[PDB]
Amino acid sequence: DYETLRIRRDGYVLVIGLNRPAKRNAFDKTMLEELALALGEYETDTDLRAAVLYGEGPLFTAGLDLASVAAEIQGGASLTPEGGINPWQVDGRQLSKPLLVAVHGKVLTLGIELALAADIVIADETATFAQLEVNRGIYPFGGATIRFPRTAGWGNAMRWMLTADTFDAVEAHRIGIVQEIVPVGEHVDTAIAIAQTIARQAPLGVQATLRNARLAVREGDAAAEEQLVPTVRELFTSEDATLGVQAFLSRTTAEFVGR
């Protein structure tokens, strides 16, 4: 199957490992396209309720392998095959289901932007971060300009985006990019445990949470507000709502089916 990704399944959870460790997981054309496919596959697989993305080897990613895609970015060509989804989710399409990102070592450029594109980010204590693009004559073009100021606040984001200075896990956690810092090497297992918790919850409710939250950002408060009660009405209609409410009333544990 995939040349540059290591893929496994742990029940309802997909675990995707960037797997070009000899090249520090730099995104070449192949890994760009494979990650797009893997995430597109994730999107349409109804057996999957959460996905965890991490990197094999010494660090999460060294960023873009420019030569590999010279070429495409110069011509404005897409590195999203049919039926992939841009992993950075900045072309008008986002994932309908949760993505968690587990980071360690250097997280450069596009790596920061991958973490910002996800829903939950876990770092081990070694993680460092650097938005190096302006140091190289360009700028962040994977969504940092949009998402970093929204998560960290404008000032905290610009301190790092304008300078290209390196910042560590403690700082990334302080300013909201990283949700939790764990001991060396535990980032992937911590992210899967959280993914499994997500997978024990009602999938259509999880999906509705992501959907309404995204609508608020894209169309505004009124647009999200207008959907709140109609969406809960539709969910009260699902098998899982009756399962979940009966479990609550019975002080028992619900086994959701995703309909």
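Numbers for residues come from their place in the sequence shown, where the first is 1.
Of the two stretches examined, 145-153 and 177-185, the record assigns the greater average C-alpha temperature factor to 177-185. Stretches 64-72 and 49-57 differ in mean C-alpha B factor, with the higher average recorded for 64-72. In the PDB entry, the Cα temperature factor peaks, among 105, 87, 140, 83, at 83. When the modelled residues of the chain are ordered by their C-alpha B factor, residue 112 lands in the lowest third.
Annotation for residue 101: CA B-factor lies in the lowest third of the chain's modelled residues. Ranked by C-alpha B-factor against the other modelled residues of its chain, residue 78 falls in the highest third. Compared with the other modelled residues of the chain, the Cα B-factor recorded for residue 219 ranks in the middle third. When the modelled residues of the chain are ordered by their C-alpha B factor, residue 231 lands in the middle third.
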